[PDB]
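I have placed the structure first, in the form of structure tokens, so that the comments after it can refer back to it.
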There are 4 protein chains.
Amino acid sequence: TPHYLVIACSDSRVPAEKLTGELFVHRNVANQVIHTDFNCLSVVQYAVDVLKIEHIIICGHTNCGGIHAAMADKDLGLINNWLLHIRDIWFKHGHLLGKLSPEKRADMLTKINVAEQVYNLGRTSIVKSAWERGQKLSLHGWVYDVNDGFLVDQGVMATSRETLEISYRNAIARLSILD
Amino acid sequence: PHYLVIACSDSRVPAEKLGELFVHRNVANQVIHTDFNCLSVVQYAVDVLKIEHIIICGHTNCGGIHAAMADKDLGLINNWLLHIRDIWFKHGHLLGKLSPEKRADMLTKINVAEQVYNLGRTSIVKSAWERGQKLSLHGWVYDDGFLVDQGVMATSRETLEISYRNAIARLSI
Amino acid sequence: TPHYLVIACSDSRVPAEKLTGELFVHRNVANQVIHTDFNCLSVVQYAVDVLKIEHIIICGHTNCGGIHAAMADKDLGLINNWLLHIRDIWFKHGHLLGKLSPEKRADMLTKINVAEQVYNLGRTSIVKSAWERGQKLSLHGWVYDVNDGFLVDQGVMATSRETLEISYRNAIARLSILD
Amino acid sequence: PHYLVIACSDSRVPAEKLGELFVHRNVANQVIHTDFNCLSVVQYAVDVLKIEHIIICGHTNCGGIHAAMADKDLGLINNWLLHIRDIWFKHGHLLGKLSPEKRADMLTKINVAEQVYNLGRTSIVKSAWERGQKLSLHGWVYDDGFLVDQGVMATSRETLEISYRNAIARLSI
Ligand SMILES: [K+]
Ligand SMILES: [K+]
Ligand SMILES: [Zn+2]
Ligand SMILES: [Zn+2]
Ligand SMILES: [Zn+2]
Ligand SMILES: [Zn+2]
């Protein structure tokens, strides 16, 4: 019986265990929590309401094929519809990303992505219901760097809807301060 | 990467236990015909990453299977698991003539076979077989660390039918 | 504020109103209730839990492009995945349908389809929850004949899970008695 | 048939009010990028039935829009309507500078524009524009029986961008 749900990207070198029998795991292209995705939501509702899990962790990673492909203007087929949610996030932060050296943008979008997905997670009926009946539950947004094996917590962390707004809002403001 | 592995979200089932792995994990290692998430994964691997093997790995003592068999109002996940209840019914006569102790194990294996059968019927895999692309599909069940069942193994629509029928027939012994 | 939810096929001459401001309406290819379909389920959960609707009616129709296409062994693309649920139903009743003049099979599969979809509907958490807290709710399976404007109730009718099993089971037995 | 119409499941919105119609209806007339149901409808119409027009029809005084704006624990449908809350936020500055009485109406129109914009970005429609197939997309809003807004109208990816920007700019007056 596990204490953590990890949501991670299907990309190659990213395994939740390796990275960090205690893990319940979902893996999809670019570690997405899409609001109407039955697959991910069912993982989340089973973990929260059934296995009484208390931590959900969304882990993106640098050099993500999903992120790269979402940014390439390319006719790949079905997957392009999956990644339109990433393109929507890109444009929601277009000013920010535009201001950046083109070869740095992927890494930034990976980071932004993680914050957006936590924000989505935090607004599911599953998570709000659970928070609202006093169930203890915390959400985390991490980015793991394949270049140097180092995790990089993103200080998106939420234990309530109010804290969700605050850390989401701050994480975006921190990312907009450009080195 | 060279393999796409589709495995259960359940706790002890890491794809790696067996850098070349693209992974999807969902409750009860399902390929639902109309699941945009899993299908996306399948299309990207087959059409873009050029993966030549897709492996559906189930496991013994699986909470998805157990919950699918229990009458219980669990909420959303129940809807996800209705596809496994349909599979229980499809093989209801086989599973009936069996000790209530060991039904989960059987349905765990049958489930794997049915997901490969579904996988091999996606437009994605069919039309890649049809344009000469090399692509094989596998159905494993895992425990003591070992693989218990291979069963279904397909390289073409033709071999899909045969491996599926034969896999079910071996289980009905 | 409507009293009926109708689920019908997107095919051309089939409009719920015309056929029979009181209707909430969902239309998809071959009038499907797929267990993991967020779109249809959301219609159903809003109707039942929010608008307090008391009748849900699934209407198929003869000469259905969806049904025909599901039976043709044909490379149409994405839609083929949608219609694999119809092909599954076909094979669940293969003995029955096989025993039939090939040009009658479409019409029979349309009928069978309606029963299967009601059975799916009747097993949603939404509908079982509602029945189980004593909410009044009835499910209907109809086939409308385009050839002669006549509806044709299929005597799938359920007001409870026990009645669901019985009418589903009977509707299939009636259809297996071949004229 | 020659038109695919995508309209709201809500009560007074029959496609026919305006034999040539293929219809889809869902809460708040949405085209969600990853909605297998609506996308199937779109792919079948475009690739198989050869429909040359797709029309997204929204309506005034729409329960989907109202519920999306209300803070209310409605259950599953809330998840469906999160995509409209994202659209509220995307145009939050426009909708803020507006009387709380008339926000629903505005967001009803903006919603229509965003769904056409999504429709025009599906692989299905893009790749049919790219192989020379004639296909136009429309965004209507309906009430007294009349159509209130046309706004977005697209025949190519190029015309998609222009019609979408301009439609939003006309609404920000
Ligand atoms: K899905
Ligand atoms: K869906
Ligand atoms: Zn990745
Ligand atoms: Zn499992
Ligand atoms: Zn039809
Ligand atoms: Zn509406």
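Using Swiss-Prot numbers, chain A covers 34-53, 58-216, in order.
Backbone N, Cα and C define each Cβ position, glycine as well.
The feature Zn(2+) binding site is assigned by Swiss-Prot to A:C42, A:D44, A:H98, A:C101. Taking Cβ-Cβ distances under 8 Å and a sequence gap of 6 or more within the same chain, the neighbours of A:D44 (Zn(2+) binding site) are A:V66, A:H98, A:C101, A:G102, A:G103.
Long-range Cβ contacts of A:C42 (Zn(2+) binding site) within its own chain (separation 6+, distance under 8 Å): A:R64, A:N65, A:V66, A:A67, A:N68, A:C96, A:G97, A:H98, A:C101, A:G103.
Among the binding-site residues A:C42, A:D44, A:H98, A:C101, the ones whose Cβ sits under 8 Å from a Cβ of chain B are, in sequence order, A:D44. Within 8 Å of the centroid of the Cβ atoms of A:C42, A:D44, A:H98, A:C101, where the record puts Zn(2+), the same chain has further Cβ atoms from A:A41, A:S43, A:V47, A:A67, A:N68, A:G97, A:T99, A:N100, A:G102, A:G103, A:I104, A:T147.
Under the DSSP three-state reduction, A:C101 (Zn(2+) binding site) is assigned to coil, being neither helix nor strand.
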